[PDB]
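Trainee:
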Amino acid sequence: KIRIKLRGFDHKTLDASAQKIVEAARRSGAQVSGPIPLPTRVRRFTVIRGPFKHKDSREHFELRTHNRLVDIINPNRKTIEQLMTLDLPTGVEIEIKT
Amino acid sequence: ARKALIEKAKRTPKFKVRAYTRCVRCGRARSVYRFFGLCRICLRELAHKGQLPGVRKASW
Amino acid sequence: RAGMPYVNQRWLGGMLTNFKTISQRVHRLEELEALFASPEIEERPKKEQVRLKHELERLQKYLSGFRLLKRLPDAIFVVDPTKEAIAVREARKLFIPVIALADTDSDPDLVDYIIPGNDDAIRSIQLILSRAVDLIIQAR
Amino acid sequence: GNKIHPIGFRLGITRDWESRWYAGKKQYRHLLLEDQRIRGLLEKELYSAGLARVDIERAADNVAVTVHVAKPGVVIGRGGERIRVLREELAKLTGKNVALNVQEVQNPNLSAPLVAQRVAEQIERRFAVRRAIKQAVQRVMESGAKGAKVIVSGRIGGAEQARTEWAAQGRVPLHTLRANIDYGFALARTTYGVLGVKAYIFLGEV
Amino acid sequence: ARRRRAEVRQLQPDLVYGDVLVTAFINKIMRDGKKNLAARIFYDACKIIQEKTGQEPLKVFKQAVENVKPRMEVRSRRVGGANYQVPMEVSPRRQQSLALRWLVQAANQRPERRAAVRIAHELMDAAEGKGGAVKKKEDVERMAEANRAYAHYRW
Amino acid sequence: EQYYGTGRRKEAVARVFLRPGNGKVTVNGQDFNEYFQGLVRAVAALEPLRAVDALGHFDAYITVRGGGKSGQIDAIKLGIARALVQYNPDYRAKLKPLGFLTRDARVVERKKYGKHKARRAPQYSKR
RNA sequence: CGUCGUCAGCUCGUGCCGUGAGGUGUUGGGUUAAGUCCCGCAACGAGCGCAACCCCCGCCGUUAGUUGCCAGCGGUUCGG
RNA sequence: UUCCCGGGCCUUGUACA
Ligand SMILES: [Zn+2]
Numbered sequence: 003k004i005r006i007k008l009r010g011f012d013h014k015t016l017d018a019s020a021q022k023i024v025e026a027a028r029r030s031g032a033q034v035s036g037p038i039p040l041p042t043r044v045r046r047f048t049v050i051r052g053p054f055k056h057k058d059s060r061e062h063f064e065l066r067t068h069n070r071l072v073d074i075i076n077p078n079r080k081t082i083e084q085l086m087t088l089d090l091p092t093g094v095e096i097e098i099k100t
Numbered sequence: 002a003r004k005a006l007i008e009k010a011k012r013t014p015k016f017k018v019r020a021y022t023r024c025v026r027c028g029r030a031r032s033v034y035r036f037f038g039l040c041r042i043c044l045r046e047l048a049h050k051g052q053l054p055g056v057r058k059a060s061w
Numbered sequence: 087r088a089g090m091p092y093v094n095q096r097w098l099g100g101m102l103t104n105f106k107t108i109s110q111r112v113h114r115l116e117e118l119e120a121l122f123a124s125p126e127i128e129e130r131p132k133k134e135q136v137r138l139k140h141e142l143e144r145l146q147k148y149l150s151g152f153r154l155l156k157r158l159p160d161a162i163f164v165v166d167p168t169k170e171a172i173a174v175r176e177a178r179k180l181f182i183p184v185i186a187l188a189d190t191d192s193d194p195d196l197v198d199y200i201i202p203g204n205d206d207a208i209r210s211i212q213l214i215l216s217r218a219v220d221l222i223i224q225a226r
Numbered sequence: 002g003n004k005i006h007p008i009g010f011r012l013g014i015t016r017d018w019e020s021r022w023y024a025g026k027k028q029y030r031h032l033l034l035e036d037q038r039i040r041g042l043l044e045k046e047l048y049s050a051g052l053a054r055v056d057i058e059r060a061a062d063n064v065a066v067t068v069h070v071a072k073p074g075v076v077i078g079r080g081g082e083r084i085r086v087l088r089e090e091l092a093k094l095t096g097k098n099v100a101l102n103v104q105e106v107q108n109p110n111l112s113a114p115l116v117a118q119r120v121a122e123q124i125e126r127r128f129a130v131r132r133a134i135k136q137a138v139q140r141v142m143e144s145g146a147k148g149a150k151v152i153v154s155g156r157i158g159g160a161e162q163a164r165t166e167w168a169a170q171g172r173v174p175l176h177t178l179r180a181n182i183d184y185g186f187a188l189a190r191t192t193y194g195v196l197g198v199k200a201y202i203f204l205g206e207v
Numbered sequence: 002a003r004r005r006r007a008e009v010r011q012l013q014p015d016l017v018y019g020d021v022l023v024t025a026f027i028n029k030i031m032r033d034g035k036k037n038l039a040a041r042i043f044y045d046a047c048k049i050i051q052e053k054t055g056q057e058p059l060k061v062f063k064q065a066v067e068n069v070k071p072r073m074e075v076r077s078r079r080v081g082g083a084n085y086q087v088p089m090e091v092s093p094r095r096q097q098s099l100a101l102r103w104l105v106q107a108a109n110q111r112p113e114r115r116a117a118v119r120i121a122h123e124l125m126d127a128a129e130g131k132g133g134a135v136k137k138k139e140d141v142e143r144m145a146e147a148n149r150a151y152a153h154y155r156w
Numbered sequence: 002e003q004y005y006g007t008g009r010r011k012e013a014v015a016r017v018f019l020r021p022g023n024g025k026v027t028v029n030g031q032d033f034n035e036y037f038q039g040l041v042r043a044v045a046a047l048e049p050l051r052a053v054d055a056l057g058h059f060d061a062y063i064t065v066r067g068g069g070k071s072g073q074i075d076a077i078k079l080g081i082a083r084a085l086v087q088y089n090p091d092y093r094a095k096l097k098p099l100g101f102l103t104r105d106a107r108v109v110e111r112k113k114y115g116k117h118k119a120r121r122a123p124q125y126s127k128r
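Chains as they are written, first to last, in full-length UniProt numbering: chain A, 3 to 100; chain B, 2 to 61; chain C, 87 to 226; chain D, 2 to 207; chain E, 2 to 156; chain F, 2 to 128.
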């Protein structure tokens, strides 16, 4: 009945945060939908290597963002008090939904 | 990338269509990216340095 | 049948003049021999194990017996002075007395203590080496 | 030749980003620009301190600057005057109530940027280039550091012609991903031009 | 190819008739990666052949191919700054390749409007022992055996 | 009852369910003759069946996704082969030689910078 | 940054040869995509390169089921 | 793999600020 959306550039920290949230929630009574891996989004930048010419060099860079889902069911009062108070790693962003 | 041009680029130019973008790092006006506000050369430098979070060399 | 070292596979260039360098190979041999006696080899994937074992067996082939030399020897015993001319030259260079079982085609000058006999005929080599070794044995 | 950056080559593994925070399409460039300003200001300010690395982090409208310095004493000052003045300076540079943190690097000989900076100092003080590179490499190699290699650009000793000097000792396997190679660059401004100093330090494996 | 022998690709046997020669011929027809079009053209031609000729189209096609297989070819060779057309025997592989290519070219050179019609006509004529394909085969053979003087350049 | 095979070929994915029946095959709720209509090659998708004198015993439910018609046919073929193997392991001994248990690993090669398409270089002349 | 060139080569420590520049190692034979490996050898080893370590595609597995899927199964009326 | 172009190896005659 309450939805957690997790975003991050890294997958290690994102997985760690997802596990922490799901564990804290499950331990606090109500059932958990669990970490659903949503498809990641990739932006590609192709830039000529040389500063002047030689347009046949074209280094490739990518920026990828990962997405998770948790979707806690039957929100416990103690659950809803423990959430919005947890501390996140430096990368992970949390969105709250009903 | 004269100083005058860099400064002129940052004012409301009496019109919308007179507005353009420059590399926020070196003032290059040619090959900038909306996402970063950096030119291609500065993009490459900062991406190699590791100062652009989440950005890595691609291989598929 | 003595504490004496020996070389019977091949004489590497500089077993005496370049003693320090070869001693490093000896140390590598001992460390590898220790490693294969350890259960810690289970890392380093099997083909890496293969190359390590090849290195070890090469080292054992060329350096078995030479392992006993902790330093420069006090004398050298050459079966054929002509054949092992490199060893003779090295020993001459390093003021190491040379004992050799020479024959007709050898140079008497380069040998400090010469035994004019045969270099072929197993029997002759057997007799001479046996007598020498027995004398060393009873001398100790 | 044209070797690529040995940090960019290993951003995925064995090396980590200097900036660690997430931002959407809307707010990426602004955060990046203020990060650029912060790095510029600290580089200008803390040169004497022996700065090696700056880390920027964001959680929720909060900035956690972490500066790795050879001598933290220089950074703090006495009674924490300097650290406080720097904190307020950064806060009024970027209105996000920053939190400056100071780390001390063990054995600055194992820091590639610090080594490069020191060699650049030596160059700017008109020392013998070859001797400087040799001493730097020897010093690095003496402090563990399984491999080391220092390159100086050109225009050696006010010469008319530019020429790479360069000296190495040990193992510097640039081609391997699991190398944990530390890279540093320094720019030496001489009365007769500019010189580049690159330092590679190979610190263990995996 | 300096090292290997460049092993020939094994083509998937036909589905209608279940033989590889038909597949090769279809491929030889197919242009711009349109294989369905080539298959339809070939089968239309086969239907035409069957409708206008006593026996099955497969036998007609096979024996036409066998009828348009040359044995002597001339190859350009450099000797003493001079260019000589040395006669050589052609392997079954090259035989079949040349046969199919020539059949297709001759079919495409006919004045008939529809591709199926042209294919059918060429196959029937080559079956009889005439047409562009057989004529080119004969010209190729006669270009050899007319310059057997150079055959000693074994090549 | 239901014997299932997956099959994959070049961005096309199949799901085949084989059940006892008269030997009628449906694809995405349509019929084989009407889905792959106008395609000569279609019947290929059924060779793994008629290789073992099927088409009298197994009705097939086919769900196919992605890729193209030909890729879909190959996916169907691999799926049917896998399902037949699952039906009876001994079948494997006779399906495998004819080359049906193999998934074609060949896919579209990625484009390279400085090339027109992945292999073709730009033309140059007048050296 | 381009290029020779993704071509396999460029050197070093100790030893040995030559008055010396220098040579050997790194010349020989087999085999490699490769100075890749093997055998011999007045050399024994090492460094930068090659290869591997990283990533994508191809088969299978555990973990998780929403906004993705529908083999079962109960109304639907076409529609997961 | 004879010839066209390029690279490497073995053997061979001229020139290297
Ligand atoms: Zn710029």
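Ideal placement from N, C-alpha and C gives every residue a C-beta, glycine not left out.
1. Is the distance from the Cβ of residue 22/D to the Cβ of residue 15/A below 8 Å?
2. Can you pull out the residues from the region 36-49 of chain F whose beta carbon lies closer than 8 Å to at least one beta carbon of chain E?
3. Given the structure, does residue 39/B come close to ligand 1, in the sense that its CB is under 7 Å from one of the ligand's heavy atoms?
4. Would residue 90/E and residue 119/E qualify as a contact pair, given that the criterion is a beta-carbon distance under 8 Å?
5. Give every residue of the same chain whose Cβ lies closer than 6 Å to the Cβ of residue 16/F, excluding the five residues on either side of it in the sequence, and list them in chain order.
6. When burial is assigned at 16 or more other CB atoms within 10 Å of the CB, is residue 201/D buried or exposed?
7. When you measure from the CB of residue 42/B to every non-hydrogen atom of ligand 1, does any distance come out below 7 Å?
8. Would you call residue 74/D buried or exposed, if buried means 16 or more other Cβ atoms sit within 10 Å of its Cβ?
9. What does the alpha-carbon distance come out to for the pair residue 112/F and residue 121/F?
10. With 8 Å as the threshold, decide whether the Cβ of residue 41/E is near any Cβ in chain F.
11. With distance defined between alpha-carbon atoms, name the residue in 119/F, 47/F and 38/F nearest to residue 81/F.
12. With DSSP collapsed to three states, give me the class of residue 106/F.
13. If I measure Cβ to Cβ from residue 4/D and keep anything under 7 Å in the same chain, skipping five residues before and after, which residues do I get?
14. Does any residue of chain B have a CB that is nearer than 8 Å to the CB of residue 65/A?
15. Verify the contact flag: residue 29/B, CB atom, against every heavy atom of ligand 1, threshold strictly below 7 Å.
16. Checking contacts by CB at 8 Å: is residue 51/B closer than that to chain A?
17. May I ask you to check if the CB of residue 59/D is nearer than 7 Å to at least one heavy atom of ligand 1?
18. How would you call residue 101/C, buried or exposed, if buried means at least 16 neighbouring beta carbons within 10 angstroms?
19. So which of 41/A, 35/A, 40/A and 90/A has the shortest CA-CA distance to residue 77/A?
20. Going straight from the alpha carbon of residue 141/E to that of residue 118/F, what length do you get?
21. Cα-Cα, which of 74/A, 98/A, 57/A and 51/A is closest to residue 32/A?
22. Look up residue 84/E in the DSSP assignment and say whether it is helix, strand or coil.
23. Taking C-beta pairs closer than 9 Å, name the residues in chain A that residue 40/D reaches, listed in chain order.
24. So that I know if they touch, is there some Cβ in chain D lying closer than 8 Å to that of residue 16/B?
25. Restricting to runs no shorter than 4 residues, where is the alpha helix (DSSP H) found entirely within the region 134-181 of chain C?
26. Just to confirm before moving on: does the CB-CB distance between residue 184/C and residue 162/C stay below 8 Å?
27. So for residue 10/D, helix, strand or coil by DSSP?
28. Give the straight-line distance between the Cα atoms of residue 21/A and residue 123/F, rounded to the nearest whole angstrom.
29. Quick check on residue 90/D: does DSSP put it in helix, strand or coil?
30. Is there a Cβ of chain B sitting closer than 8 Å to that of residue 94/A, yes or no?
31. Using a Cβ cut-off of 8 Å, which residues of the region 47-61 of chain A contact any Cβ in chain B, in chain order?
32. When you compare the CB positions of residue 101/D and residue 87/D, do they come within less than 8 Å of one another, or not?
33. Mind pulling the chain A residues with CB within less than 9 Å of residue 58/B?
34. Output yes or no for whether 8 Å exceeds the beta carbon distance between residue 170/D and residue 198/D.
Mentor: For this structure:
1. no
2. 39, 40, 41, 42, 44 and 45
3. yes
4. no
5. 64
6. buried
7. yes
8. exposed
9. 10 Å
10. yes
11. 47/F
12. coil
13. 175
14. yes
15. yes
16. no
17. no
18. buried
19. 35/A
20. 39 Å
21. 74/A
22. strand
23. What residue 40/D touches in chain A: nothing, since even the nearest Cβ is about 17 Å away.
24. no
25. 171-179
26. yes
27. helix
28. 51 Å
29. helix
30. no
31. 47, 49, 50, 51, 53 and 61
32. yes
33. 61, 62, 63 and 64
34. no
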